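For the numbers below, each heavy atom of this structure counts, side chains included, while hydrogens, waters and symmetry mates do not. Chain letters run A, B, ... following the sequence lines, proteins first, then strands; residues in each count from 1.
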Amino acid sequence: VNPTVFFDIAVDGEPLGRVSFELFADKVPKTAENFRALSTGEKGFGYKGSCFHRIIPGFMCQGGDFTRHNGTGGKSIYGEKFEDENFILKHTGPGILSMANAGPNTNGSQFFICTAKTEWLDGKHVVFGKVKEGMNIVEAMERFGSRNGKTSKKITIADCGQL
Amino acid sequence: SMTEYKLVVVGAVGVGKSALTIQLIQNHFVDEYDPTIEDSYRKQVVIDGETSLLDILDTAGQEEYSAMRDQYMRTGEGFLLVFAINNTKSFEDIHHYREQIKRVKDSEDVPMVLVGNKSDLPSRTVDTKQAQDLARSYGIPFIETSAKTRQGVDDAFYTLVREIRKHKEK
Ligand SMILES: CCn1c(-c2cccnc2[C@H](C)OC)c2c3cc(ccc31)-c1csc(n1)C[C@H](NC(=O)[C@H](C(C)C)N(C)C(=O)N1CC(OC)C1)C(=O)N1CCC[C@H](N1)C(=O)OCC(C)(C)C2
Ligand SMILES: Nc1nc2c(ncn2[C@@H]2O[C@H](COP(=O)(O)OP(=O)(O)NP(=O)(O)O)[C@@H](O)[C@H]2O)c(=O)[nH]1
Ligand SMILES: [Mg+2]
């Protein structure tokens with residue numbers, strides 16, 4: 001069965017709520033395994049404590065830079081970057097979990113949660129999971145965003161792991 | 001006198017668009033890279049004794065989202081075309097930015113300044129002569145700048161204002 005992971009989201013350190021994700025190990029196994037391991041921290045690094053640094057209402061919540069803490073960094077469990085695995089799945093609407101990148105074959109750890117359909121990213125960003133529970137928490141995170149992505153309070157992954 | 005100008009800073013990712021803008025607006029430089037989505041700034045300046053409000057639109061280096069980027073170009077009155085002197089691709093990219101501006105504004109006479117940034121770095125790949133010749137072939141000014149040392153920062157923006165002023169009053 002596809003694994004499930006959770007993020008406990010915090011606002012300036014205060015609990016906001018929990019978001020859980022189904023990871024599509026059945027169709028995107030290498031990319032799902034990276035996100036799973038980064039969520040548990042089992043390699044000695046990962047998402048816990050990192051920030052959703054770019055939140056743009058109507059589009060997405062982006063996070064995952066645990067190496068530079070400024071939106072430029074992150075790394076995978078396979079090295080600094082890994083190839084685009086496939087583009088089977090598309091950015092079909094709210095809750096889609098997909099890899100951020102800086103061009104072809106630059107997957108690291110940064111990711112985004114769609115808050116709307118973003119079909120123009122199809123074929124350029126690898127979709128590998130979806131929100132299971134907590135879309136209402138994602139909707140709350142979105143309200144902290146702005147046009148250029150800067151958030152009005154600091155939104156962090158206070159805890160995360162595999163369910 | 002009092003006037004106002006909409007200036008737009010364009011160029012490939014990482015060439016120093018934001019660092020140049022923040023040096024003009026806030027008079028400081030940091031090595032830290034904060035990638036731009038979109039930022040807008042307002043500053044009152046005096047150029048050649050004439051007071052002006054500068055509205056600076058600091059764009060992202062990415063060239064997707066043509067609908068938004070076309071609007072940037074329709075609204076802007078003058079454009080800084082920024083490349084980095086140690087990034088040959090960013091210099092090769094310059095003609096695309098100019099072609100887009102001419103296309104969107106349907107004009108061969110749009111105020112623009114070519115900016116060669118990071119002049120402080122000892123890792124040059126683009127010769128000054130190459131950039132001078134390209135700006136000359138465009139009929140626009142060329143200025144080398146460093147956001148780190150502030151060299152040429154005021155001159156780059158003030159030169160673009162002078163190009164706009166000339167265009168408006170001609
Ligand atoms: C023209 C304005 N504009 C718009 C847009 C378009 C229409 C209408 N209104 C707007 C906005 C509201 O008008 C201000 C967008 C938009 C997006 C960008 C820049 C400007 C944008 C942008 C910049 S980088 C990127 N998009 C892809 C980004 N990659 C990185 O962050 C990587 C990291 C993962 C390493 N870095 C940092 C990097 O690539 N560097 C290039 C350099 O290398 C060294 C750094 C990435 O994967 N995602 C995950 C997927 C959504 C996407 N971000 C994102 O934010 O879309 C925002 C969105 C959807 C609103 C589109
Ligand atoms: N040495 C040196 N570094 C510079 C100079 N200008 C910018 N930098 C550095 O180059 C990096 C990128 O600068 P930045 O202004 O963010 O570039 P940008 O064109 O705005 N990038 P983007 O398109 O993503 O918004 C930063 O680390 C910054 O400190 C310069 O004149 N000299
Ligand atoms: Mg910038």
Report task. List the steps and the verdict of salt bridge (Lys or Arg N to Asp or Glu O under 4.0 Å) for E33(A) and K30(A). Result -> CA-CA 5 Å; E33(A) 172 62 15; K30(A) 302 183 182 305; over 6 Å; no
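- Checked against salt bridge (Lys or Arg N to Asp or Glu O under 4.0 Å), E119(A) has no partners two or more places apart in sequence or in another chain.
- By the 6.0 Å and 45° rule, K75(A) stacks over the aromatic ring of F45(A).
- For the ring pair (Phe, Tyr, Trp, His ring centres under 6.0 Å) criterion with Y47(A), the lone passing option out of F35(A), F21(A), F52(A) is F35(A).
- Side chain of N34(A) to main chain of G108(A): a donor-acceptor pair is present (N/O by atom type, distance under 3.5 Å, no hydrogens or angles).
- Here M2(B) is tied into one hydrophobic group with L53(B), each link being a pair of ILVMFWY side chains closer than 4.5 Å.
- The distance from atom CG of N87(B) to atom CG of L121(B), rounded to the nearest 0.5 Å, is 11.5 Å.
- Note on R124(B) versus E144(B): salt bridge recorded, some NZ/NE/NH1/NH2 to OD/OE distance being below 4.0 Å.
- Taking a cutoff of 4.0 Å between a charged side-chain nitrogen and a carboxylate oxygen, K166(B) and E163(B) qualify as a salt bridge.
- The salt bridge (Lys or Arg N to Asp or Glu O under 4.0 Å) search around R103(B) returns none, not counting sequence neighbours.
- No close placement of the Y97(B) and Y138(B) rings is indicated, their centers lying 6.0 Å or farther apart.
- Across every non-hydrogen atom of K168(B) and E77(B), the tightest pair is CD-OE1, 4.2 Å.
- Checked by atom type and distance alone, the side chain of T118(A) never pairs as donor or acceptor with a backbone atom of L121(A) at under 3.5 Å.
- More than 12 heavy atoms of other residues, nucleotides or ligands sit less than 6.0 Å from atom CD of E99(B).
- A salt bridge does not link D65(A) with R54(A): none of the charged nitrogens is closer than 4.0 Å to a carboxylate oxygen.
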Requested in this report: With side-chain contact (heavy atoms from CB on, under 4.5 Å) as the test, would you mind laying out the steps for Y5(B) and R165(B) before giving the verdict?
Outcome: CA-CA 9 Å; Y5(B) 311 101; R165(B) 288 179 175 173; 3.0 Å; yes
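- In this structure, the side chain of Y72(B) does not engage the main chain of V10(B) through any donor-acceptor pair within 3.5 Å.
- With no hydrogens or angles considered, a side-chain donor-acceptor pair links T75(B) and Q71(B) at under 3.5 Å.
- Closest approach of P104(A) and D84(A) over heavy atoms only: CA-OD2, 3.6 Å.
- Under a 3.5 Å cut-off, the side chain of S109(A) and the backbone N or O of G64(A) do form a donor-acceptor pair.
- When ring centroids are compared, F7(A) and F111(A) come within the 6.0 Å threshold.
- Residues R18(A) and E133(A) are not paired through a salt bridge, judged by the lack of any N-O separation under 4.0 Å between the basic side chain and the carboxylate.
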